[PDB]
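Quick notes on the structure that follows.
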Amino acid sequence: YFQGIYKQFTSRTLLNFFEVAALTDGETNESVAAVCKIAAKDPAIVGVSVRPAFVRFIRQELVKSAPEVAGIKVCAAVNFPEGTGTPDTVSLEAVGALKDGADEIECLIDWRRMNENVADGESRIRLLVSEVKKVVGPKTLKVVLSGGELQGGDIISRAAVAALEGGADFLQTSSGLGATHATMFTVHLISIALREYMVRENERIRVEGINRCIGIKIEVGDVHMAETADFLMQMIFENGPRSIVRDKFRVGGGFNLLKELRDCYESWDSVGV
Amino acid sequence: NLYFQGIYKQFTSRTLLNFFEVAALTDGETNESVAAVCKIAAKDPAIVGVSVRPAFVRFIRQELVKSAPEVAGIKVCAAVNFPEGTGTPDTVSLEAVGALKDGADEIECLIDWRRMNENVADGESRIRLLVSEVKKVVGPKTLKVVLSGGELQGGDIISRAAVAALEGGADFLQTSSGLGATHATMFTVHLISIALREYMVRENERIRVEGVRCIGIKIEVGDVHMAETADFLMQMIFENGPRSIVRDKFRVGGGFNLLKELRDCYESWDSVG
Ligand SMILES: OC[C@H]1O[C@@](CO)(O[C@H]2O[C@H](CO)[C@@H](O)[C@H](O)[C@H]2O)[C@@H](O)[C@@H]1O
Ligand SMILES: OC[C@H]1O[C@@](CO)(O[C@H]2O[C@H](CO)[C@@H](O)[C@H](O)[C@H]2O)[C@@H](O)[C@@H]1O
């Protein structure tokens with residue numbers, strides 16, 4: 001009688017934290033518009049991630065024919081796709097994106113510098129993230145660690161810590177463009193790094209009586225809903241049910257996954273209400 | 001397909017445990033039977049709490065905790081004006097004071113549903129007075145008001161009962177008591193959701209004119225199985241949104257067998273990485 005209810009509930013839940021990527025080089029106003037309409041369909045997902053080139057299109061032109069797109073956040077991807085910018089150049093990409101109407105910024109780290117020399121890599125991350133955060137202000141800055149490109153768990157952990165020290169509001173597992181995406185292993189390392197950092201942060205605030213919310217974005221790429229649900233379970237186990245809130249958790253995925261989530265959710269029989 | 005066949009049920013079960021309140025209110029309860037329920041409730045991950053008659057509150061809070069320290073981690077909700085809802089506001093207030101004195105964290109109070117059915121106008125006034133005097137003794141603790149939707153005769157009566165309870169100071173509207181057969185849960189949830197939504201609108205206006213508190217919905221499902229319970233969870237999100245799926249605004253009440261079913265499902269998920 002209630003066939004499919006578990007998958008339907010899971011889909012509804014994932015929609016609530018979903019951020020769809022429209023970041024390839026081949027993107028056009030047409031492809032981007034198609035993604036934004038499905039993202040903004042009631043109930044709207046959290047937002048869409050695009051390269052700076054499509055921010056004004058969504059915020060100023062698309063909204064004329066598709067008013068609902070004003071209801072989703074636009075996250076601009078800076079320092080993409082190789083993470084080879086300088087703090088100044090990346091900060092300027094951010095300035096332009098925010099001016100065009102971006103609500104959030106996702107910034108890739110120079111993962112190559114991390115792999116050649118960890119100490120220097122950490123220094124570069126702190127500088128990059130701090131300068132970008134200065135221009136982003138109170139808006140959300142997600143730092144993409146590119147876990148799959150980092151060589152070793154120690155490096156991933158160090159990159160996470162450096163990003164936090166630089167002022168990241170969110171730690172994002174992968175870019176959405178790369179060959180590798182989240183793995184249970186990488187999510188685990190990121191969770192531990194964040195948890196340990198917050199323990200130290202909260203201990204200081206408590207003992208000194210001083211009185212930011214830091215999230216984890218699991219980028220799954222083009223996997224299906226089943227695997228995505230497994231990550232959702234990992235987040236709950238590692239970080240608790242209270243971490244499953246928009247200011248602390250996001251799920252990044254592709255357009256096909258978004259369509260799968262909507263098709264699943266829409267199959268729930270709502271005739272009773 | 002043979003892969004990921006249990007992930008959605010596992011996630012749904014984990015979610016339900018996060019909001020679950022197990023009822024141990026039968027006439028035949030003994031300290032031993034109550035202790036058995038509390039142990040399963042308190043098992044990691046602990047559910048929200050247990051609902052018992054005032055007679056078992058001191059046992060759980062002072063004795064049981066000596067051999068089962070984990071029970072300190074679950075809330076104890078004491079049922080008053082139970083199970084008939086025909087007590088006088090003064091006597092019900094004394095029952096509440098006694099429960100709170102024994103260590104109760106929350107109070108579940110039934111309304112005089114019979115009165116609502118024989119004279120709506122009179123019934124509403126009795127609810128306002130009962131809820132108001134009980135809330136006065138509960139103070140800052142949570143007062144859940146049981147409407148006994150299955151026993152009220154008609155949607156108009158249910159709606160009026162909900163409005164009277166809200167105006168009286170209820171912190172939660174509960175569909176049924178947790179003892180006996182449950183009827184019209186879906187209908188009661190729908191009516192309660194509407195009543196609460198408009199109450200919030202009117203109450204905010206009322207506050208501004210003087211120059212609103214957190215109110216929850218507790219869906220008591222009875223002895224139904226997990227799939228039907230999940231459908232009620234889905235009903236709650238659909239009608240009230242993802243922001244309503246938080247402990248301060250939502251609880252699921254069910255029996256001991258349902259609790260065991262939820263744990264067995266969740267435990268099948270492999271947390272080891
Ligand atoms: O542990 C008590 C819990 O068990 C249930 C079964 O789910 O009832 C059992 O225990 C009672 C002892 O109080 C018996 O009266 C009953 O016959 C037995 O099935 C729940 O109803 C109860 O809360
Ligand atoms: O069935 C309603 C009718 O039954 C009485 C007793 O004859 O109460 C019984 O049913 C109630 C609702 O299920 C219970 O609350 C009560 O415990 C049970 O004895 C009447 O009082 C009521 O009008």
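Atom set for the values below is all heavy atoms of this structure, side chains included, hydrogens, waters and symmetry mates excluded. Sequence lines set the chain letters: A, B, ... in the order given, protein chains first and strands last, and positions in each chain run from 1. All ligand and atom numbering here is 1-based and tracks the order in the structure.
Residue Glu29(B) has at least one nitrogen or oxygen atom sitting less than 3.5 Å from a nitrogen or oxygen atom of ligand 1, judged on distance alone. Considering both main-chain and side-chain atoms, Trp113(B) never comes within under 3.5 Å of ligand 2 through any nitrogen or oxygen pair.
The closest protein non-hydrogen atom to atom 21 (O) of ligand 1 is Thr26(B) CG2, 3.9 Å. Looking at atom 1 (O) of ligand 1, its nearest protein heavy atom turns out to be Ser33(B) O, 2.9 Å. Looking only at protein heavy atoms, the nearest one to atom 12 (C) of ligand 2 is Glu151(B) OE2, 3.1 Å. At the top of the distance list for atom 5 (C) of ligand 1, counting protein heavy atoms only, stands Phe256(B) CD2, 4.5 Å. For atom 17 (O) of ligand 2, the closest non-hydrogen atom on the protein side is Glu84(B) OE2, 3.0 Å.
Residue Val37(B) approaches ligand 1 through these ligand atoms, each under 4.0 Å from one of its heavy atoms: 1 (O), 2 (C), 3 (C). Near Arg114(B), meaning under 4.0 Å from one of its heavy atoms, ligand 2 places the atoms 8 (O), 15 (O), 20 (C), 21 (O). Every atom of ligand 1 with a heavy atom of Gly28(B) under 4.0 Å away is listed here by number and element: 13 (O).
Protein heavy atoms are absent from the space less than 4.0 angstrom from atom 10 (O) of ligand 1. Note that atom 3 (C) of ligand 1 has protein non-hydrogen atoms nearby, at separations under 4.0 angstrom. At least one protein heavy atom sits closer than 4.0 Å to atom 7 (O) of ligand 1. Under the 4.0 angstrom criterion, atom 15 (O) of ligand 1 counts as lacking any protein heavy-atom contact. For atom 19 (O) of ligand 2, the nearest protein heavy atom is 4.0 Å or more away.
Counted within 6.0 Å of CZ on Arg204(A), heavy atoms from surrounding residues, nucleotides or ligands total 12 or fewer; the atom is thus considered open. Counting non-hydrogen atoms of neighbouring residues, nucleotides and ligands closer than 6.0 angstrom, the CZ atom of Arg197(B) exceeds 12 such neighbours.
With a 4.5 Å cut-off on side-chain heavy atoms, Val189(B) and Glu239(B) count as touching.
By the 4.0 Å N-to-carboxylate-O rule, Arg251(B) lies too far from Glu108(B) to be salt-bridged with it. Ion pairing between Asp27(B) and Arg53(B) holds under the 4.0 Å rule for side-chain N and carboxylate O.
Residues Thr91(B) and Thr88(B) bring a donor and an acceptor atom of their side chains to less than 3.5 Å of each other.
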Passes salt bridge (charged side-chain N to carboxylate O under 4.0 Å, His left out), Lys260(B) versus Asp264(B)? Steps please. CA-CA 6 Å; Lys260(B) 293 183 295 185; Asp264(B) 290 344; over 6 Å; no
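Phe18(A) pairs with exactly one of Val46(A), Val251(A), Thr13(A), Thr228(A) by the side chain to side chain contact (heavy atoms under 4.5 Å, CB included) rule, that one being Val251(A). The only member of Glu220(B), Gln174(B), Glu106(B) that meets side chain to side chain donor-acceptor pair (under 3.5 Å) when paired with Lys144(B) is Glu106(B).
Residues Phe9(A) and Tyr265(A) place their aromatic rings such that the two centres sit no closer than 6.0 Å.
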